[PDB]
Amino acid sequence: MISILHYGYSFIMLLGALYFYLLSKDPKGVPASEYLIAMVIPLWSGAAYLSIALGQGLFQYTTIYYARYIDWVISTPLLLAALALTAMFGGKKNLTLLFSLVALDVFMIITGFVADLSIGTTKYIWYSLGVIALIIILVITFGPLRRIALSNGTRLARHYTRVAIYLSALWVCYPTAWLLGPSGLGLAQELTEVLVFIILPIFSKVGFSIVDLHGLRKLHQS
């Protein structure tokens, strides 16, 4: 079942990527960079999850699904780049703030991988450092990055706020599931965790970019 769930996930990622490609051909004032990011996220995630479907992107250590961290260390900084570019839509870019989010996010994913390879107190030290990074990402998202969005007008700021809440609600679920599942407290079964880390990322990747791209495209004049 776990293999078939990952094949299904990879197929959905491919369909999402093809949909964003089709949208990119009639871009409605959204820059090509947003369409590229929206395609790379699911194609990379799809490849990483295909490796799990094929029985390659996991090892016994309990099963470490290490291909999830290979996925996230690329897909999650790109999702924050997408969020930042939405805040900056129609205005000056702040690439310093964008790269601040990239740095926090790459660190967060690495601490999760090291936490997964760790045992005892050590595991929860790494986990806690990753949670601290996520807290700072959310502080930036609802603080300075939101102030940039507000500077780009009512309609853009409304859309940014929707995308920021959508992202934040889904992202807090990842460390929650991690802690409850086999990598942490071992309260939830492996299959439960697998389903959560199939369904969450469908919404976090393809769902996020449908919401984000549709909302930006709606701002288009003629």
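Quick note: we count residues from 1 along the sequence shown, nothing fancier.
For the pair 73-81 and 115-123, the mean Cα B-factor is higher in 115-123. Between 34-42 and 179-187, it is 179-187 that carries the larger average Cα temperature factor according to the deposited entry. Sort the modelled residues of the chain by CA B factor and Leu95 lands in the middle third. Per the deposited record, the Cα B-factor of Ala157 falls in the middle third when ranked against the other modelled residues of its chain. In the PDB entry, a CA B factor belonging to the highest third of its chain's modelled residues is recorded for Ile199. Looking at the C-alpha B-factors along this chain, the one for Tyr49 belongs to the lowest third.
Among the modelled residues of its chain, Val211 has a C-alpha B-factor that falls in the middle third, as given in the PDB entry.
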